[PDB]
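*Asks:* Structure in structure tokens, see below.
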Amino acid sequence: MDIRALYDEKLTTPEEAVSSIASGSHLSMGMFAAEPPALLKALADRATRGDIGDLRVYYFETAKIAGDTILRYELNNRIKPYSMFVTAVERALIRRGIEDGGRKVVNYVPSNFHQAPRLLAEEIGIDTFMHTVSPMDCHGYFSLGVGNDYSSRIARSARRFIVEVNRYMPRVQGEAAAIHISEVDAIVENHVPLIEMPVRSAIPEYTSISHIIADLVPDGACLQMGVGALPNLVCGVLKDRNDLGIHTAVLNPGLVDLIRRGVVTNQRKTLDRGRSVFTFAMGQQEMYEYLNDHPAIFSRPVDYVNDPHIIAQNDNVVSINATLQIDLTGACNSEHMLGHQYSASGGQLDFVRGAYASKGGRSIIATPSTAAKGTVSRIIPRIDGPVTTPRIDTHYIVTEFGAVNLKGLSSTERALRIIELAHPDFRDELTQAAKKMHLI
């Protein structure tokens with residue numbers, strides 16, 4: 001209740017804030033832009049000085065912030081990445097480890113993103129949680145801002161919660177998004193712009209793909225857009241729609257643009273009517289600023305947002321996810337690393353399932369048909385190893401050559417229709433392959 005007093009008792013330096021974290025304990029942090037740079041630098045420094053060891057860090061959605069501090073290769077003997085999702089940061093670490101005498105340096109923790117809250121709080125257990133927050137308001141509350149995800153839960157279930165106040169972090173309304181100072185163990189202040197997702201140049205194939213996808217988006221569709229450039233870039237084509245809704249895991253600039261234009265009203269949703277629901281946000285500064293105190297944008301935790309049963313309660317859900325490869329059985333693969341699968345923990349399958357279960361819903365998985373200047377086919381005979389989207393779950397697939405609904409189709413019907421979405425240069429090859437596999 002004496003908010004000023006509490007703030008001044010809890011306010012400290014980043015070095016002091018991280019100084020009592022035990023060795024051999026479990027730490028977690030916010031996703032992406034919520035990773036707190038001052039705390040993480042101080043924690044890394046602690047490891048550099050030899051003053052902490054066996055620290056397991058459990059996390060999703062890596063940013064350069066962690067990549068350049070606690071996840072630096074030279075510290076991996078002291079701060080151990082227990083990555084629950086593998087990004088370019090971890091790929092670089094993994095590759096460097098193999099080159100360095102066949103060393104394992106990333107400890108992948110297989111999981112479902114939608115189960116991350118209970119997994120982190122219960123099976124794993126988190127001793128310290130750290131997250132960037134918006135400044136304290138006059139009622140004593142901080143906001144998790146661009147985060148909700150697992151963070152709203154672990155901020156409370158962790159034995160210690162340390163915040164990094166940043167005036168660049170928007171004050172976001174949402175379920176369990178606000179945290180009272182009495183629930184915070186320590187505070188540091190570090191006012192710096194949030195890290196930005198790099199803006200990506202649109203490749204030509206996205207034009208056709210965006211137009212095919214647009215025609216599959218019905219009146220009053222309830223949108224989810226997966227991570228990546230393509231789902232972001234498809235929003236531009238929806239500029240002339242009306243009464244769309246949002247219920248998405250990641251909130252991106254494309255979706256916020258539709259909000260700003262008044263295309264998104266959320267008035268046809270069954271749940272959260274009148275507000276755009278998301279579980280974490282990635283974008284650029286103008287998007288981040290726009291979230292501040294927005295009364296029609298409402299974050300919710302991932303065990304709600306990515307629950308296929310919840311997703312399905314809204315009619316006409318459209319889920320738009322990107323993938324890297326599609327094989328002739330209709331299985332899809334979003335994982336960059338060869339002969340490994342770390343991207344099934346990303347939550348896209350929750351929306352593949354939820355969108356199909358939605359009345360009038362559609363799940364779309366889209367990719368350009370080729371890579372490497374047309375020399376490599378993204379439509380392939382057979383994904384090598386575990387897939388991201390099982391062939392039994394795939395609904396629509398899209399390339400720049402059109403769309404196919406796979407549900408109910410035989411192996412033969414799938415193979416023949418999928419081949420016609422491949423680039424012309426590969427169709428004969430794929431057809432021969434289908435026969436060898438005895439799909440046709």
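Letters for chains follow the order of the structure tokens (A, B, ...), residue numbers begin at 1 for each chain, and ligand numbers begin at 1 in the order shown.
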Using only C-alpha atoms, find each residue in stretch 8-32 of chain A having at least one atom no more than 10 Å away from stretch 82-86 of chain A; report its shortest atom-to-atom pair and that distance in Å (one decimal), rows by chain then rising number, as a Markdown table.
*Replies:*
```
| residue | atom | partner | partner_atom | distance |
| --- | --- | --- | --- | --- |
| A:26 | CA | A:82 | CA | 9.5 |
| A:27 | CA | A:82 | CA | 9.7 |
| A:28 | CA | A:82 | CA | 9.4 |
```
*Asks:* Give me a file of those residues, with N, CA, C and O atoms, as a compact mmCIF listing (two decimals), in the first residue's frame.
*Replies:*
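Below you can see selection_32.txt, which holds the result:
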```txt
# COMPACT_ATOMS: atom_id res chain seq x y z
N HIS A 26 17.25 -22.83 -11.24
CA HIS A 26 16.54 -22.73 -12.50
C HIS A 26 16.07 -21.31 -12.70
O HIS A 26 15.36 -20.77 -11.86
N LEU A 27 16.44 -20.71 -13.82
CA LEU A 27 16.01 -19.35 -14.12
C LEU A 27 15.21 -19.36 -15.39
O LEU A 27 15.45 -20.19 -16.28
N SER A 28 14.25 -18.47 -15.50
CA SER A 28 13.56 -18.25 -16.77
C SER A 28 13.39 -16.76 -16.99
O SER A 28 13.65 -15.94 -16.09
```
*Asks:* Write out as a list in words the set of residues from stretch 327-394 of chain A that DSSP, computed on the backbone, places in helix (DSSP H, G or I).
*Replies:*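 So, restricting stretch 327-394 of chain A to helix (DSSP H, G or I), we get residues 343, 344, 345, 346, 348, 349, 350, 351, 352, 353, 354, 355, 356 and 357 of chain A.
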*Asks:* Only C-alpha atoms, please: the residues just picked out, written as a PDB file, in the first residue's frame.
*Replies:*
```pdb
ATOM      1  CA  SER A 343      10.148 -26.441 -34.022  1.00  0.00           C
ATOM      2  CA  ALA A 344       7.252 -28.713 -32.989  1.00  0.00           C
ATOM      3  CA  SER A 345       7.405 -26.921 -29.617  1.00  0.00           C
ATOM      4  CA  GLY A 346       6.346 -23.669 -31.334  1.00  0.00           C
ATOM      5  CA  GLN A 348       1.619 -23.654 -34.726  1.00  0.00           C
ATOM      6  CA  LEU A 349      -0.042 -27.079 -34.560  1.00  0.00           C
ATOM      7  CA  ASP A 350      -2.367 -25.752 -31.825  1.00  0.00           C
ATOM      8  CA  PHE A 351      -3.776 -23.328 -34.413  1.00  0.00           C
ATOM      9  CA  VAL A 352      -3.784 -25.946 -37.218  1.00  0.00           C
ATOM     10  CA  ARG A 353      -6.043 -28.021 -34.944  1.00  0.00           C
ATOM     11  CA  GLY A 354      -8.058 -25.138 -33.483  1.00  0.00           C
ATOM     12  CA  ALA A 355      -8.795 -23.544 -36.842  1.00  0.00           C
ATOM     13  CA  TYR A 356     -10.123 -26.833 -38.302  1.00  0.00           C
ATOM     14  CA  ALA A 357     -12.283 -27.355 -35.192  1.00  0.00           C
TER      15      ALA A 357
END
```
*Asks:* Leaving out residue A:156 and any residue of its chain fewer than 5 positions from it, which residues lie within 9 Å of it when counting only C-alpha atoms, given as a list in words?
*Replies:* residues 129, 151, 161, 179, 183 and 184 of chain A
*Asks:* Between stretch 145-222 of chain A and stretch 301-307 of chain A, at 12 Å or less, what are the per-residue closest atom pairs and their distances in Å? Count only C-alpha atoms, order by chain and rising residue number, and return it as CSV.
*Replies:*
```
residue,atom,partner,partner_atom,distance
A:146,CA,A:301,CA,11.7
A:147,CA,A:301,CA,8.8
A:148,CA,A:301,CA,5.3
A:149,CA,A:301,CA,4.6
A:150,CA,A:302,CA,6.1
A:151,CA,A:301,CA,7.9
A:152,CA,A:301,CA,6.6
A:153,CA,A:301,CA,7.7
A:154,CA,A:301,CA,10.6
A:155,CA,A:301,CA,11.8
A:174,CA,A:301,CA,8.6
A:175,CA,A:301,CA,6.9
A:176,CA,A:301,CA,7.8
A:177,CA,A:301,CA,8.5
```
*Asks:* Can you tell me, as a PyMOL selection string, what residues are no more than 6 Å from residue A:141 when counting only C-alpha atoms, ignoring any on the same chain fewer than 5 positions away?
*Replies:* chain A and resi 136+178-181
*Asks:* May I ask for the distance between atom CA of residue A:367 and atom CA of residue A:398, given in Å to one decimal place?
*Replies:*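 Separating atom CA of residue A:367 from atom CA of residue A:398 is a distance of 6.5 Å.
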*Asks:* Give me, as a ChimeraX atom specification, all polymer residues having an atom no more than 8 Å from stretch 51-65 of chain A, counting only C-alpha atoms and skipping those fewer than 5 positions away in the same chain.
*Replies:* /A:22-33,35-37,40,46,77-87,89,120,195
*Asks:* Emit the selected residues as a compact mmCIF listing (two decimals), in the first residue's frame, including N, CA and C atoms.
*Replies:*
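What follows is the written file selection.txt:
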```txt
# COMPACT_ATOMS: atom_id res chain seq x y z
N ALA A 22 21.07 -18.43 -6.86
CA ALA A 22 21.88 -19.57 -6.46
C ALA A 22 22.45 -20.29 -7.67
N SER A 23 23.65 -20.84 -7.51
CA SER A 23 24.15 -21.81 -8.48
C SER A 23 23.29 -23.08 -8.43
N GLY A 24 23.28 -23.84 -9.52
CA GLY A 24 22.49 -25.06 -9.58
C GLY A 24 20.98 -24.82 -9.49
N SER A 25 20.53 -23.60 -9.80
CA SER A 25 19.11 -23.27 -9.74
C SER A 25 18.56 -23.13 -11.16
N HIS A 26 17.25 -22.83 -11.24
CA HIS A 26 16.54 -22.73 -12.50
C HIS A 26 16.07 -21.31 -12.70
N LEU A 27 16.44 -20.71 -13.82
CA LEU A 27 16.01 -19.35 -14.12
C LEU A 27 15.21 -19.36 -15.39
N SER A 28 14.25 -18.47 -15.50
CA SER A 28 13.56 -18.25 -16.77
C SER A 28 13.39 -16.76 -16.99
N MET A 29 12.96 -16.42 -18.18
CA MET A 29 12.81 -15.06 -18.61
C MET A 29 11.71 -14.88 -19.65
N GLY A 30 11.36 -13.64 -19.89
CA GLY A 30 10.40 -13.31 -20.90
C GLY A 30 10.89 -13.64 -22.30
N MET A 31 9.95 -13.71 -23.20
CA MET A 31 10.15 -13.96 -24.59
C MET A 31 10.65 -12.72 -25.33
N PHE A 32 11.54 -12.95 -26.26
CA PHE A 32 11.94 -11.97 -27.25
C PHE A 32 12.28 -10.63 -26.61
N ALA A 33 11.46 -9.65 -26.87
CA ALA A 33 11.69 -8.28 -26.48
C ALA A 33 11.48 -7.98 -25.02
N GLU A 35 13.06 -9.95 -22.82
CA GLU A 35 14.30 -10.39 -22.22
C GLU A 35 14.96 -9.13 -21.68
N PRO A 36 15.31 -9.10 -20.43
CA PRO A 36 15.76 -7.84 -19.84
C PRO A 36 17.27 -7.59 -20.00
N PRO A 37 17.66 -6.61 -20.84
CA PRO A 37 19.09 -6.46 -21.15
C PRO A 37 20.00 -6.14 -19.96
N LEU A 40 20.33 -9.27 -17.67
CA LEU A 40 21.01 -10.36 -18.34
C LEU A 40 22.48 -10.04 -18.51
N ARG A 46 28.40 -11.92 -13.95
CA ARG A 46 28.53 -12.82 -12.83
C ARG A 46 29.19 -14.13 -13.25
N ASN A 77 29.64 -23.12 -19.96
CA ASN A 77 30.06 -24.00 -18.86
C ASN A 77 29.45 -23.59 -17.52
N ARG A 78 28.75 -22.46 -17.50
CA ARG A 78 28.28 -21.86 -16.25
C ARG A 78 26.82 -21.49 -16.33
N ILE A 79 26.40 -20.97 -17.48
CA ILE A 79 25.00 -20.72 -17.75
C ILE A 79 24.57 -21.67 -18.85
N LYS A 80 23.71 -22.63 -18.50
CA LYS A 80 23.36 -23.71 -19.40
C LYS A 80 22.03 -23.41 -20.10
N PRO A 81 22.06 -23.28 -21.43
CA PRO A 81 20.81 -23.06 -22.16
C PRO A 81 19.93 -24.30 -22.15
N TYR A 82 18.77 -24.19 -21.50
CA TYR A 82 17.75 -25.22 -21.57
C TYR A 82 16.65 -24.68 -22.48
N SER A 83 17.01 -24.55 -23.75
CA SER A 83 16.17 -23.89 -24.74
C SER A 83 14.95 -24.74 -25.02
N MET A 84 13.79 -24.11 -24.99
CA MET A 84 12.56 -24.82 -25.25
C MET A 84 12.11 -24.57 -26.68
N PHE A 85 12.90 -23.78 -27.40
CA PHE A 85 12.67 -23.47 -28.82
C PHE A 85 14.03 -23.11 -29.41
N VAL A 86 14.34 -23.60 -30.61
CA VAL A 86 15.66 -23.37 -31.20
C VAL A 86 15.56 -22.32 -32.31
N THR A 87 16.30 -21.22 -32.14
CA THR A 87 16.37 -20.13 -33.11
C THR A 87 17.77 -20.07 -33.71
N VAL A 89 20.15 -18.19 -32.92
CA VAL A 89 21.11 -18.13 -31.82
C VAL A 89 21.57 -19.53 -31.40
N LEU A 120 6.84 -25.20 -16.79
CA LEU A 120 7.87 -24.43 -16.12
C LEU A 120 7.59 -24.32 -14.62
N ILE A 195 13.91 -4.30 -28.57
CA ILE A 195 14.53 -4.88 -29.73
C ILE A 195 13.45 -5.15 -30.76
```
*Asks:* Which residues come within 7 Å of residue A:267, counting only C-alpha atoms, excluding same-chain residues fewer than 5 positions away, as a PDB file with C-alpha atoms, in the first residue's frame?
*Replies:*
```
ATOM      1  CA  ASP A 243     -15.381  -6.977 -38.861  1.00  0.00           C
ATOM      2  CA  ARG A 273     -15.697  -9.962 -28.025  1.00  0.00           C
ATOM      3  CA  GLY A 274     -14.444  -6.515 -28.988  1.00  0.00           C
TER       4      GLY A 274
END
```
*Asks:* For residue A:327, find every residue with an atom within 6 Å (counting only C-alpha atoms), except residues of its own chain fewer than 3 positions away, and show them as a list in words.
*Replies:*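 Final neighbour list, sorted by chain and number: residues 330, 331, 379, 380, 381, 382 and 383 of chain A.
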*Asks:* For the structure I just gave you, how does DSSP split stretch 181-366 of chain A - specifically, which residues are strand (DSSP E or B)? Reply as a PyMOL selection string.
*Replies:* chain A and resi 186-189+222-225+244-247+250-251+264+276-278+280-281+297-299+317-322+325-327+332-333+362-366
*Asks:* A:404, A:329, A:132, A:219: which is nearest residue A:392, counting only C-alpha atoms?
*Replies:*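 The answer is A:329, which sits nearest to residue A:392.
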*Asks:* Would you work out the distance separating atom CA of residue A:389 from atom CA of residue A:205, expressed in Å to one decimal?
*Replies:*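 Atom CA of residue A:389 sits 22.0 Å away from atom CA of residue A:205.
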